[PDB]
Amino acid sequence: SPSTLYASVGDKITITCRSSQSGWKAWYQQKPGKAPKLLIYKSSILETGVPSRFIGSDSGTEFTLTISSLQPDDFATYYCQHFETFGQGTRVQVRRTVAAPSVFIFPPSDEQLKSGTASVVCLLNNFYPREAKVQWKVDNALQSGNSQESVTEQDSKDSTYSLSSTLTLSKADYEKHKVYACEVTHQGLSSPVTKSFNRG
Amino acid sequence: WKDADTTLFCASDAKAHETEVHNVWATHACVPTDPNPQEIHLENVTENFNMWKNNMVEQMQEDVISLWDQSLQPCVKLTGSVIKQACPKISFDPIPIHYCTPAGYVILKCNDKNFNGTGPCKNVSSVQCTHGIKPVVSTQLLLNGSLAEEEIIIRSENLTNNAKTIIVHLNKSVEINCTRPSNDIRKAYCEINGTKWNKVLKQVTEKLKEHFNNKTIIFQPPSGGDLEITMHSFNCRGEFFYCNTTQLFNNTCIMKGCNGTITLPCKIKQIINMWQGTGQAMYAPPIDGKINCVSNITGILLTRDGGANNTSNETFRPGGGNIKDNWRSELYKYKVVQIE
Amino acid sequence: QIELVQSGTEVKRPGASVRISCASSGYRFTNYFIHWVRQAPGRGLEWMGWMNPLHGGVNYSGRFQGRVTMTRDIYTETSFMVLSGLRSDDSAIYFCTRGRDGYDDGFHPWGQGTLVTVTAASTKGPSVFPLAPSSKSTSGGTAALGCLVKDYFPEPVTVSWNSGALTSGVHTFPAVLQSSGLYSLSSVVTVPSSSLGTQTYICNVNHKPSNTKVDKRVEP
Ligand SMILES: *[C@@H]1O[C@H](CO)[C@@H](O)[C@H](O)[C@H]1NC(C)=O
Ligand SMILES: *[C@@H]1O[C@H](CO)[C@@H](O)[C@H](O)[C@H]1NC(C)=O
Ligand SMILES: *[C@@H]1O[C@H](CO)[C@@H](O)[C@H](O)[C@H]1NC(C)=O
Ligand SMILES: *[C@@H]1O[C@H](CO)[C@@H](O)[C@H](O)[C@H]1NC(C)=O
Ligand SMILES: *[C@@H]1O[C@H](CO)[C@@H](O)[C@H](O)[C@H]1NC(C)=O
Ligand SMILES: *[C@@H]1O[C@H](CO)[C@@H](O)[C@H](O)[C@H]1NC(C)=O
Ligand SMILES: *[C@@H]1O[C@H](CO)[C@@H](O)[C@H](O)[C@H]1NC(C)=O
Ligand SMILES: *[C@@H]1O[C@H](CO)[C@@H](O)[C@H](O)[C@H]1NC(C)=O
């Protein structure tokens, strides 16, 4: 609870999961491209080599990983365990002030269009926090199934994120419609922002 | 007193003139049974027992390993070494072993009729030795042990944990009659009365519902493993039987017109995996004639599938192969203490 | 050195099976359960099942079941996980781990992981399409532009801008596997709008596995 958590170097933080039953809870840290590492077993026991700033507690039906002083290395994903089942995962991220995305939309190049597919890209640049909603519309019909997103790693200098959403159509489909709109929702952002173009 | 462990000693009604292999081990390794065993009830004592963390079991296991390594005579033993050697047939029939404490120690015994094996126990008594326990080494089904005094008892170090083995203690035993006939020589079979078994299995299932919400209870065959555990596996008269239990765990025949005589197919194997240590052991082929033994199914080893809490069902597959759990099913109501 | 070492990267067709190994050293092999656990870019960590090396006993997750078989060889101290009838769905990183008794103290250590990607695709260089800066605005503000690096396999692709000289404002996205089984991604950059008629902007795409280099000047 919950998927991302934002904090500063040197803050105390608490990560909480909840379970019906007992017993023994464990905690894992994972870094990109690496295996999970065991931190805490039997709800509150430190695995040898793990800094004592990592504290496990368990009050019956609610158990927590506390990091008493956040270090730069501790910005990572944390999983709770209770037998076979794992928590969703909490991503600990650098806290900064709110920043609204700058929004850009790109039609497909003519060069791509020649070969029977069309990608329509929507950029949301240098925003914070990570949470954002991107909705695609085509002559005002919202689309679904036909878009993928990717997000960058938090920028190490300004702590922001960037995101692309990519609509994929057939060219047959791209050419039968006109207005192509990208609609973005974000923590102020007072109201949703739309970038669009008319094919041509 | 307080909790503590110490090397136990054994005692049995075993004879020096017997060719039988347990007797021969018992003669040089155990003493005679207590010719006047005394049990004094301790009034108003409550005591905590844990059948799952009991040094008695580790010790009984050590004995039976020693017993088997001395007794069984495979033709070929394999680990990188291959050992070829004399493998004459032996007579093999387990007897009751008792486990006793030396001076300054006593064994506490739990007499709560519905004792699951971990809780406190409110009717505690002190013995000098255990009852007589046959060291039967089977998988899936526990054979030739004691019975639960009242209801059927589910035993587990923790039931919500799917890594923990489950022990069902039946309150009514059921015959299993396995025969290799005279005289295809490795082909054999067991028989169980459809009606008793299926009655007893429906009560097991009723008991499992009490433990698991009112979650619908299903049995399935084992998902995998060595033969020793995918089949009901046991030793009759020195011969190693391997028996397919698919038809014993049939939740169609929990109306209908189905029960009859259930007959399991078996075969006698010469090449087995050794339960004691590393590798394989090849034995001589079966003796001529009727190879038979009638055993009492007295408990069941199960494992419960994981990955199922977001789901309506619990699935139970017969297991074991951790022989220590066979000892636990009889030793659960005992525990050693030290005095002062 | 208690450790677990897994076999390497797998690319399998939809329908096929994968066999992943997991080699043990530094401990008594038969004393600890092996768990398998997957990380599918989508669903955190999911336990697939456990295997007891003593006797090969297993407990598989229903969520998979039928499809996973777990076996071991006691003499080589190696465990095996076969996942059958693969789907795109099963593209993930797969981990073995040592259950210390077998959840109570565990899981430690873990294998390094094994990437499995489920695709019809074979090795292929990317097409590179310009994401042209917009003509609508601004005058003395910020314009975005980029390269769409499309329809390649396997990973990785690298993108730099103006042969390494342009690093400020660059955001090169992670690849996502497309419906078609080919990776795709964009690299973008923000530049001054007063730059657009004077400075040229070029993305440098390298896909070593196909021995493909593409350079694309991005206009206008
Ligand atoms: C055994 O009884 C104890 C105490 O009453 C309880 O904590 C435990 O859950 C029980 N175990 C089983 C398997 O019923
Ligand atoms: C202790 O064991 C006896 C059997 O001798 C049993 O019937 C009874 O439940 C127990 N006695 C008392 C006084 O609780
Ligand atoms: C087997 O059958 C019944 C169990 O109810 C009993 O009469 C007999 O003594 C049993 N033998 C054992 C457990 O060795
Ligand atoms: C065994 O226990 C079950 C409940 O678990 C009960 O219904 C049955 O009457 C008992 N059977 C005998 C023969 O005591
Ligand atoms: C066991 O074996 C055969 C069945 O093939 C039969 O002759 C005999 O009656 C059976 N014995 C018992 C005790 O059921
Ligand atoms: C047991 O018998 C069933 C019945 O067909 C069969 O499907 C299964 O493969 C057998 N199990 C073994 C050999 O463990
Ligand atoms: C289960 O119950 C009955 C009796 O044999 C029958 O419908 C079915 O064949 C049994 N299952 C088997 C043999 O796997
Ligand atoms: C179970 O007990 C009976 C009666 O003593 C015996 O004939 C049989 O061999 C025993 N079973 C095993 C598997 O040892």
# chains A, B, ... in the order shown; residues from 1 in each chain; ligands from 1
>>> residues_around(residues="residue B:262", least_positions_apart="2", cutoff="6 Å", atoms="only C-alpha atoms", output="ChimeraX atom specification")
/B:191-192,194
>>> interface_residues(of="chain C", to="chain A", cutoff="8 Å", atoms="only C-alpha atoms", output="PyMOL selection string")
chain C and resi 43-47+95+103-113+129-134+144+171-176+186
>>> write_last_selection(atoms="N, CA, C and O atoms", output="short mmCIF file (atom, residue, chain, number, x, y, z; two decimals), in the first residue's frame")
data_model
loop_
_atom_site.label_atom_id
_atom_site.label_comp_id
_atom_site.auth_asym_id
_atom_site.auth_seq_id
_atom_site.Cartn_x
_atom_site.Cartn_y
_atom_site.Cartn_z
N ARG C 43 2.59 -7.62 -13.47
CA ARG C 43 1.94 -8.30 -12.29
C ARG C 43 2.85 -8.64 -11.05
O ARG C 43 2.69 -9.73 -10.41
N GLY C 44 3.78 -7.73 -10.73
CA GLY C 44 4.65 -7.87 -9.55
C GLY C 44 5.41 -9.19 -9.53
O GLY C 44 6.06 -9.51 -10.50
N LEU C 45 5.35 -9.93 -8.42
CA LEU C 45 5.87 -11.29 -8.31
C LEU C 45 4.73 -12.27 -8.06
O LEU C 45 3.88 -12.06 -7.21
N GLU C 46 4.74 -13.33 -8.84
CA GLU C 46 3.80 -14.40 -8.69
C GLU C 46 4.56 -15.70 -8.44
O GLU C 46 5.44 -16.08 -9.22
N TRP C 47 4.20 -16.36 -7.34
CA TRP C 47 4.67 -17.71 -7.01
C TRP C 47 4.05 -18.69 -8.00
O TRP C 47 2.84 -18.62 -8.28
N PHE C 95 12.31 -16.65 -11.81
CA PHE C 95 13.26 -16.85 -10.71
C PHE C 95 13.07 -18.18 -9.95
O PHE C 95 11.96 -18.48 -9.53
N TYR C 103 8.72 -21.72 3.71
CA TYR C 103 8.47 -20.24 3.77
C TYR C 103 8.98 -19.56 5.02
O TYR C 103 9.08 -18.36 5.06
N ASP C 104 9.28 -20.30 6.06
CA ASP C 104 9.34 -19.71 7.39
C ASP C 104 10.42 -18.67 7.54
O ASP C 104 10.19 -17.64 8.21
N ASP C 105 11.60 -18.96 6.99
CA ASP C 105 12.75 -18.01 7.05
C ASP C 105 13.11 -17.43 5.66
O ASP C 105 14.08 -16.70 5.54
N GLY C 106 12.40 -17.85 4.62
CA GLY C 106 12.96 -17.96 3.20
C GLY C 106 12.39 -16.71 2.70
O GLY C 106 11.72 -16.05 3.54
N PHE C 107 12.56 -16.30 1.44
CA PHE C 107 13.29 -16.91 0.37
C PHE C 107 14.68 -16.28 0.14
O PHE C 107 14.83 -15.08 -0.11
N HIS C 108 15.71 -17.12 0.22
CA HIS C 108 17.09 -16.66 0.12
C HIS C 108 18.04 -17.83 -0.11
O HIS C 108 17.96 -18.81 0.63
N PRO C 109 18.95 -17.72 -1.08
CA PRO C 109 19.01 -16.62 -2.03
C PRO C 109 18.06 -16.87 -3.18
O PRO C 109 17.34 -17.84 -3.20
N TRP C 110 18.15 -16.02 -4.16
CA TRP C 110 17.49 -16.15 -5.40
C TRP C 110 18.47 -16.32 -6.54
O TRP C 110 19.64 -15.87 -6.50
N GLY C 111 17.96 -16.95 -7.60
CA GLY C 111 18.72 -16.94 -8.85
C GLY C 111 18.75 -15.55 -9.47
O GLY C 111 17.97 -14.70 -9.16
N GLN C 112 19.67 -15.34 -10.37
CA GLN C 112 19.79 -14.08 -11.10
C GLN C 112 18.57 -13.79 -11.99
O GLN C 112 18.40 -12.65 -12.43
N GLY C 113 17.71 -14.78 -12.22
CA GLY C 113 16.61 -14.61 -13.15
C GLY C 113 16.91 -15.07 -14.57
O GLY C 113 18.09 -15.16 -14.96
N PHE C 129 11.33 6.35 -37.67
CA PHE C 129 10.46 7.35 -38.24
C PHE C 129 10.58 8.62 -37.42
O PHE C 129 10.71 8.55 -36.19
N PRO C 130 10.57 9.80 -38.10
CA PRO C 130 10.74 11.06 -37.39
C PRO C 130 9.46 11.43 -36.70
O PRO C 130 8.40 11.21 -37.25
N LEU C 131 9.57 11.89 -35.46
CA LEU C 131 8.50 12.56 -34.76
C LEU C 131 8.87 14.04 -34.92
O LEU C 131 9.76 14.57 -34.25
N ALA C 132 8.19 14.68 -35.88
CA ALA C 132 8.52 15.99 -36.35
C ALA C 132 8.02 17.01 -35.34
O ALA C 132 6.90 16.88 -34.85
N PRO C 133 8.81 18.07 -35.07
CA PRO C 133 8.35 19.12 -34.17
C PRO C 133 7.20 19.83 -34.79
O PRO C 133 7.18 20.01 -36.02
N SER C 134 6.23 20.20 -33.97
CA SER C 134 5.00 20.82 -34.45
C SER C 134 5.26 22.22 -35.06
O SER C 134 6.14 22.95 -34.61
N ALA C 144 9.06 20.07 -28.82
CA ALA C 144 9.39 18.67 -28.68
C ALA C 144 9.61 18.01 -30.03
O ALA C 144 8.93 18.31 -30.99
N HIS C 171 14.71 11.97 -23.52
CA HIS C 171 13.97 10.91 -22.85
C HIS C 171 13.79 9.80 -23.88
O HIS C 171 13.11 9.98 -24.89
N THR C 172 14.50 8.71 -23.64
CA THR C 172 14.40 7.54 -24.46
C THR C 172 13.60 6.50 -23.65
O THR C 172 14.08 5.97 -22.67
N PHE C 173 12.40 6.20 -24.11
CA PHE C 173 11.50 5.29 -23.39
C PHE C 173 11.93 3.85 -23.33
O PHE C 173 12.75 3.39 -24.16
N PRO C 174 11.45 3.14 -22.29
CA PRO C 174 11.58 1.67 -22.38
C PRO C 174 10.78 1.04 -23.53
O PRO C 174 9.67 1.47 -23.88
N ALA C 175 11.41 0.03 -24.13
CA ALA C 175 10.74 -0.80 -25.13
C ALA C 175 9.55 -1.52 -24.48
O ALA C 175 9.60 -1.88 -23.29
N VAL C 176 8.47 -1.60 -25.24
CA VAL C 176 7.37 -2.48 -24.92
C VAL C 176 7.19 -3.45 -26.10
O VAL C 176 7.37 -3.09 -27.28
N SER C 186 10.16 5.08 -28.49
CA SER C 186 10.47 6.42 -29.03
C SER C 186 11.56 7.04 -28.21
O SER C 186 11.63 6.77 -27.00
#
>>> closest_residue(among="C:10, C:77, C:101, C:3", to="chain B", atoms="only C-alpha atoms")
C:101
>>> residues_near_ligand(ligand="ligand 7", cutoff="7 Å", atoms="only C-alpha atoms and all ligand atoms", output="list in words")
residues 246, 247, 250, 252, 253, 258 and 259 of chain B
>>> write_last_selection(atoms="N, CA and C atoms", output="PDB file, in the first residue's frame")
ATOM      1  N   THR B 246      -5.025 -43.689  -7.481  1.00  0.00           N
ATOM      2  CA  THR B 246      -5.998 -42.805  -8.170  1.00  0.00           C
ATOM      3  C   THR B 246      -7.467 -43.089  -7.715  1.00  0.00           C
ATOM      4  N   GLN B 247      -7.850 -44.375  -7.678  1.00  0.00           N
ATOM      5  CA  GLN B 247      -9.190 -44.824  -7.269  1.00  0.00           C
ATOM      6  C   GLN B 247      -9.563 -44.747  -5.779  1.00  0.00           C
ATOM      7  N   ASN B 250     -11.288 -40.515  -4.972  1.00  0.00           N
ATOM      8  CA  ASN B 250     -12.335 -40.397  -5.991  1.00  0.00           C
ATOM      9  C   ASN B 250     -13.493 -39.638  -5.343  1.00  0.00           C
ATOM     10  N   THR B 252     -16.058 -38.393  -7.024  1.00  0.00           N
ATOM     11  CA  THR B 252     -17.374 -38.754  -7.646  1.00  0.00           C
ATOM     12  C   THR B 252     -18.168 -39.682  -6.738  1.00  0.00           C
ATOM     13  N   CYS B 253     -17.458 -40.668  -6.206  1.00  0.00           N
ATOM     14  CA  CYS B 253     -17.987 -41.686  -5.313  1.00  0.00           C
ATOM     15  C   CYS B 253     -17.752 -41.224  -3.861  1.00  0.00           C
ATOM     16  N   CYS B 258     -21.602 -47.133  -7.152  1.00  0.00           N
ATOM     17  CA  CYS B 258     -20.170 -47.152  -7.533  1.00  0.00           C
ATOM     18  C   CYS B 258     -19.150 -47.863  -6.619  1.00  0.00           C
ATOM     19  N   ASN B 259     -19.426 -47.892  -5.313  1.00  0.00           N
ATOM     20  CA  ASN B 259     -18.447 -48.285  -4.282  1.00  0.00           C
ATOM     21  C   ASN B 259     -17.701 -49.649  -4.490  1.00  0.00           C
TER      22      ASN B 259
END
>>> closest_atom_pairs(of="chain B", to="chain C", cutoff="6 Å", atoms="only C-alpha atoms", output="CSV")
residue,atom,partner,partner_atom,distance
B:224,CA,C:58,CA,6.0
B:225,CA,C:56,CA,4.2
B:226,CA,C:56,CA,5.6
B:305,CA,C:59,CA,5.6
B:306,CA,C:61,CA,5.5
B:307,CA,C:61,CA,4.6
>>> residues_near_ligand(ligand="ligand 2", cutoff="9 Å", atoms="only C-alpha atoms and all ligand atoms", output="VMD selection string")
chain B and resid 41 43 to 44 110 to 113 122 to 125
>>> interface_residues(of="chain B", to="chain A", cutoff="12 Å", atoms="only C-alpha atoms", output="ChimeraX atom specification")
/B:157-164,305-310
>>> residues_near_ligand(ligand="ligand 4", cutoff="12 Å", atoms="only C-alpha atoms and all ligand atoms", output="VMD selection string")
chain B and resid 113 to 114 147 to 154 168 to 174 196 199 to 211
>>> residues_around(residues="residue A:56", least_positions_apart="4", cutoff="6 Å", atoms="only C-alpha atoms", output="list in words")
residues 43, 44, 64 and 65 of chain A
>>> write_last_selection(atoms="N, CA, C and O atoms", output="PDB file, in the first residue's frame")
ATOM      1  N   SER A  43       8.332 -11.853  10.249  1.00  0.00           N
ATOM      2  CA  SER A  43       7.713 -10.559  10.521  1.00  0.00           C
ATOM      3  C   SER A  43       8.666  -9.419  10.946  1.00  0.00           C
ATOM      4  O   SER A  43       8.487  -8.280  10.522  1.00  0.00           O
ATOM      5  N   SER A  44       9.649  -9.719  11.802  1.00  0.00           N
ATOM      6  CA  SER A  44      10.512  -8.691  12.373  1.00  0.00           C
ATOM      7  C   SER A  44      12.014  -9.001  12.451  1.00  0.00           C
ATOM      8  O   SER A  44      12.739  -8.184  13.023  1.00  0.00           O
ATOM      9  N   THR A  64       4.227  -4.125   8.601  1.00  0.00           N
ATOM     10  CA  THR A  64       4.843  -2.909   8.033  1.00  0.00           C
ATOM     11  C   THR A  64       6.331  -3.065   7.934  1.00  0.00           C
ATOM     12  O   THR A  64       6.959  -3.700   8.786  1.00  0.00           O
ATOM     13  N   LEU A  65       6.875  -2.496   6.860  1.00  0.00           N
ATOM     14  CA  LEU A  65       8.313  -2.241   6.689  1.00  0.00           C
ATOM     15  C   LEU A  65       8.562  -0.761   6.982  1.00  0.00           C
ATOM     16  O   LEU A  65       8.040   0.112   6.291  1.00  0.00           O
TER      17      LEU A  65
END
>>> residues_near_ligand(ligand="ligand 6", cutoff="12 Å", atoms="only C-alpha atoms and all ligand atoms", output="list in words")
residues 220, 221, 222, 223, 224, 225, 226, 227, 228, 229, 230, 231, 232, 233, 242, 243, 244, 245, 246, 247, 248, 249, 250, 263, 264, 265, 266, 267 and 318 of chain B
>>> select_by_dssp(residues="stretch 76-180 of chain A", states="strand (DSSP E)", output="VMD selection string")
chain A and resid 77 to 82 85 to 86 90 to 94 102 to 106 117 to 127 133 to 138 141 to 142 147 to 151 161 to 170 179 to 180
>>> write_last_selection(atoms="C-alpha atoms", output="CSV table (one decimal), in the first residue's frame")
chain,number,residue,atom,x,y,z
A,77,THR,CA,10.4,-1.5,-5.1
A,78,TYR,CA,9.4,-3.3,-1.9
A,79,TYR,CA,7.3,-6.6,-1.8
A,80,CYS,CA,5.6,-8.0,1.2
A,81,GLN,CA,5.2,-11.8,1.5
A,82,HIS,CA,2.9,-14.1,3.4
A,85,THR,CA,1.2,-14.6,-1.8
A,86,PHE,CA,3.0,-11.3,-2.5
A,90,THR,CA,5.4,-0.3,-3.4
A,91,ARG,CA,7.8,1.8,-5.5
A,92,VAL,CA,9.6,4.3,-3.3
A,93,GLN,CA,10.3,7.4,-5.3
A,94,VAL,CA,11.9,10.9,-4.8
A,102,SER,CA,3.7,19.5,-21.2
A,103,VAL,CA,1.7,17.7,-23.9
A,104,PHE,CA,2.7,17.0,-27.4
A,105,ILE,CA,1.1,15.0,-30.2
A,106,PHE,CA,2.8,13.6,-33.3
A,117,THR,CA,0.6,1.0,-40.4
A,118,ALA,CA,0.4,4.4,-38.6
A,119,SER,CA,1.7,5.2,-35.1
A,120,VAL,CA,0.3,8.2,-33.4
A,121,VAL,CA,2.4,9.4,-30.4
A,122,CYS,CA,1.4,11.5,-27.5
A,123,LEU,CA,4.2,12.9,-25.2
A,124,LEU,CA,3.6,14.0,-21.6
A,125,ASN,CA,7.0,15.6,-20.6
A,126,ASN,CA,8.5,16.4,-17.2
A,127,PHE,CA,5.5,15.9,-14.9
A,133,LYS,CA,-4.5,9.3,-17.4
A,134,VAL,CA,-4.2,9.4,-21.2
A,135,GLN,CA,-7.2,9.0,-23.3
A,136,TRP,CA,-7.2,8.8,-27.1
A,137,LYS,CA,-10.1,10.0,-29.3
A,138,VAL,CA,-10.7,9.8,-33.1
A,141,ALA,CA,-14.8,8.5,-30.4
A,142,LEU,CA,-12.6,7.4,-27.5
A,147,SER,CA,-2.6,2.0,-27.4
A,148,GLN,CA,0.5,1.1,-25.2
A,149,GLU,CA,2.3,3.4,-22.7
A,150,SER,CA,5.8,3.5,-21.4
A,151,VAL,CA,7.2,5.7,-18.7
A,161,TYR,CA,8.7,11.5,-15.3
A,162,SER,CA,7.9,11.5,-19.0
A,163,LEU,CA,5.4,9.2,-20.7
A,164,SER,CA,4.6,8.3,-24.3
A,165,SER,CA,1.3,6.9,-25.4
A,166,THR,CA,1.2,5.3,-28.8
A,167,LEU,CA,-2.0,4.7,-30.8
A,168,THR,CA,-1.6,2.0,-33.4
A,169,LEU,CA,-3.9,1.9,-36.4
A,170,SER,CA,-3.9,0.3,-39.8
A,179,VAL,CA,-9.4,14.7,-35.9
A,180,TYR,CA,-6.8,12.8,-33.7
>>> residues_around(residues="residue C:212", least_positions_apart="3", cutoff="9 Å", atoms="only C-alpha atoms", output="VMD selection string")
chain C and resid 124 to 126 205 to 209
>>> residues_around(residues="stretch 327-332 of chain B", least_positions_apart="6", cutoff="9 Å", atoms="only C-alpha atoms", output="PyMOL selection string")
chain B and resi 49-52+54+56-58+60-61+109-110+116-118+130+133+135-136+142+145-146+155+167-169+299
>>> write_last_selection(atoms="N, CA and C atoms", output="short mmCIF file (atom, residue, chain, number, x, y, z; two decimals), in the first residue's frame")
data_model
loop_
_atom_site.label_atom_id
_atom_site.label_comp_id
_atom_site.auth_asym_id
_atom_site.auth_seq_id
_atom_site.Cartn_x
_atom_site.Cartn_y
_atom_site.Cartn_z
N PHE B 49 2.21 -28.93 24.18
CA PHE B 49 2.89 -29.93 23.32
C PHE B 49 3.03 -29.38 21.90
N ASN B 50 4.10 -29.76 21.22
CA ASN B 50 4.24 -29.47 19.81
C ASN B 50 4.80 -30.72 19.08
N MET B 51 3.91 -31.52 18.51
CA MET B 51 4.33 -32.69 17.74
C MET B 51 5.29 -32.37 16.58
N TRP B 52 5.31 -31.11 16.13
CA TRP B 52 6.09 -30.73 14.96
C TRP B 52 7.52 -30.32 15.30
N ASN B 54 9.53 -31.83 18.03
CA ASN B 54 9.73 -32.88 19.06
C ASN B 54 10.98 -33.74 18.73
N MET B 56 12.11 -36.38 19.94
CA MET B 56 11.79 -37.81 19.87
C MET B 56 11.79 -38.35 18.41
N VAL B 57 11.07 -37.66 17.51
CA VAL B 57 10.96 -38.02 16.10
C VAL B 57 12.32 -38.14 15.38
N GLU B 58 13.19 -37.15 15.59
CA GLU B 58 14.54 -37.16 15.01
C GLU B 58 15.33 -38.42 15.44
N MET B 60 13.86 -41.34 16.60
CA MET B 60 13.24 -42.58 16.13
C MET B 60 13.67 -42.80 14.69
N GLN B 61 13.65 -41.74 13.91
CA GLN B 61 14.21 -41.70 12.55
C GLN B 61 15.66 -42.21 12.50
N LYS B 109 2.69 -37.23 28.53
CA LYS B 109 1.74 -37.82 27.59
C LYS B 109 0.41 -37.06 27.64
N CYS B 110 -0.14 -36.73 26.47
CA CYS B 110 -1.42 -36.03 26.38
C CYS B 110 -2.58 -36.98 26.14
N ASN B 116 -5.12 -32.12 18.93
CA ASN B 116 -4.67 -31.96 17.54
C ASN B 116 -3.15 -32.11 17.40
N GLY B 117 -2.43 -31.86 18.48
CA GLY B 117 -0.98 -32.07 18.52
C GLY B 117 -0.04 -30.89 18.71
N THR B 118 -0.60 -29.66 18.77
CA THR B 118 0.14 -28.43 19.06
C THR B 118 -0.31 -27.64 20.30
N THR B 130 7.05 -44.74 26.04
CA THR B 130 5.90 -44.67 25.12
C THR B 130 5.18 -46.00 25.05
N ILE B 133 5.45 -48.78 19.21
CA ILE B 133 5.26 -48.17 17.91
C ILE B 133 5.99 -48.97 16.84
N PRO B 135 7.70 -49.27 13.41
CA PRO B 135 8.38 -48.39 12.46
C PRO B 135 8.02 -48.70 11.01
N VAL B 136 6.77 -48.43 10.64
CA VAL B 136 6.31 -48.77 9.31
C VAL B 136 6.76 -47.61 8.42
N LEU B 142 -0.78 -44.03 6.17
CA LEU B 142 -0.21 -44.57 7.40
C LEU B 142 -0.90 -45.92 7.75
N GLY B 145 -0.75 -48.31 12.73
CA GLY B 145 -0.57 -47.43 13.90
C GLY B 145 -1.75 -47.42 14.88
N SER B 146 -1.80 -46.38 15.70
CA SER B 146 -2.91 -46.16 16.62
C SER B 146 -4.01 -45.44 15.85
N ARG B 155 -4.05 -32.81 11.62
CA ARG B 155 -2.83 -32.42 12.32
C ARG B 155 -2.00 -31.65 11.31
N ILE B 167 -1.45 -34.36 8.44
CA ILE B 167 -1.66 -35.71 8.91
C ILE B 167 -3.13 -35.86 9.31
N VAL B 168 -3.84 -36.74 8.61
CA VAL B 168 -5.17 -37.15 9.01
C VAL B 168 -5.06 -38.39 9.91
N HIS B 169 -5.70 -38.33 11.07
CA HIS B 169 -5.73 -39.43 12.04
C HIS B 169 -7.17 -39.93 11.97
N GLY B 299 -4.08 -43.66 9.00
CA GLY B 299 -3.96 -42.24 8.72
C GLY B 299 -3.57 -41.95 7.30
#
>>> residues_near_ligand(ligand="ligand 8", cutoff="12 Å", atoms="only C-alpha atoms and all ligand atoms", output="PyMOL selection string")
chain B and resi 22+91-96+133-139+141-146+173-179+190+232-242+291-298
